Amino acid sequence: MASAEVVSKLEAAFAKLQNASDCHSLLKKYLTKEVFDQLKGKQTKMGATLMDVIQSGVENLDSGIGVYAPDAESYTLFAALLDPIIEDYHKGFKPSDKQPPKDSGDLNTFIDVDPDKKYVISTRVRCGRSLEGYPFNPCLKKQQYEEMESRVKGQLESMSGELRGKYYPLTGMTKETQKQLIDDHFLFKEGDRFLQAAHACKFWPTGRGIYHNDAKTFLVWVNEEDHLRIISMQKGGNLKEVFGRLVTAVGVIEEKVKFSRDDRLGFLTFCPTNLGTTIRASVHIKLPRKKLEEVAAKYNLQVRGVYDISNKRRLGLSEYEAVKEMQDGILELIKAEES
């Protein structure tokens, strides 16, 4: 399937990896000679090769992960490399393990986690989606950037009610709009060296754009890293409202634009660290030893005094369970704080 020249270039890439003793990416760990020989000759129907999976990790030897998926099929075709990487990164996600069915659960079990208004500045839930039938960034053509943006923009501009808002393409975006979106923290620009070496940012800014609702409690980035990054957010701690709005908005997009989902991996994403639910649920929280990392770890939460605290787990649990882990963690952090 892959040409002789792709294979030659892959041989050169593998030698570069093997030479690099200082490299400890998951790429380096799991791209064994055996796995490399098994996979080097394969090519997906959309035309992706092992080079389109591993090139960022070969160019940026200091990558943590060092692989991206160039299309949905890659997760199946290059599984001998991708599966042990996913399993390494998503701790506790075993080979016999599977993403559960999609389930956002009972929304009225979500609460305002800070009804006294003392700790939580704002609450955010983000997810991402790839659209069915399109390659991911490393392999998108310019026409495909444009078509996808048009399809997406259509749905977003159809939104009404609390979701009513405006789509801003990066293509022809004025200085005024740039400034305004920067002020909202809504602007993105071309990717860093990890994305660039993945060929994730070609034809910039074609097919890239930003949508937000009038209330500024809902934001979509089109073609930034994934086809879609979809975010709901507001001031205060009402996780119910934040997550309910996300579920609603994603359903509206999906009315016309179908997403790429795997039975085992859930929603397929450009970076394997985003698989499964794709969900990152967080609060910006004021919590004045560091028995902060004690509690946080017990409740599977990441802490990145004003903190940004989010769920660690994205794969091997439902959407509901992911947002619910953040809820439980935060309530327990607030209880720890008040002792």
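One-based numbering along the sequence shown.
According to the entry, the deposited sequence has no residues without coordinates between residue 45 and residue 46, so the chain runs continuously there. Where coordinates are absent for parts of the deposited sequence, a chain break appears; between neighbours residue 288 and residue 289 it spans 4 to 9 residues.
If you average the C-alpha B-factors over 92-100 and over 244-252, the higher value belongs to 92-100. Across the two stretches, 53-61 and 293-301, the PDB entry reports the greater mean Cα temperature factor for 293-301. Highest CA B-factor among 156, 107, 210, 173, as stated in the entry: 156. Compared with the other modelled residues of the chain, the Cα B-factor recorded for residue 115 ranks in the highest third. Remark: residue 278 belongs to the middle third of its chain, ranked by C-alpha B-factor as recorded.
Placement of the Cα temperature factor of residue 315 within the chain: middle third of the modelled residues, per the deposited record. Sort the modelled residues of the chain by CA B factor and residue 72 lands in the lowest third.
Remark: residue 140 belongs to the middle third of its chain, ranked by C-alpha B-factor as recorded.
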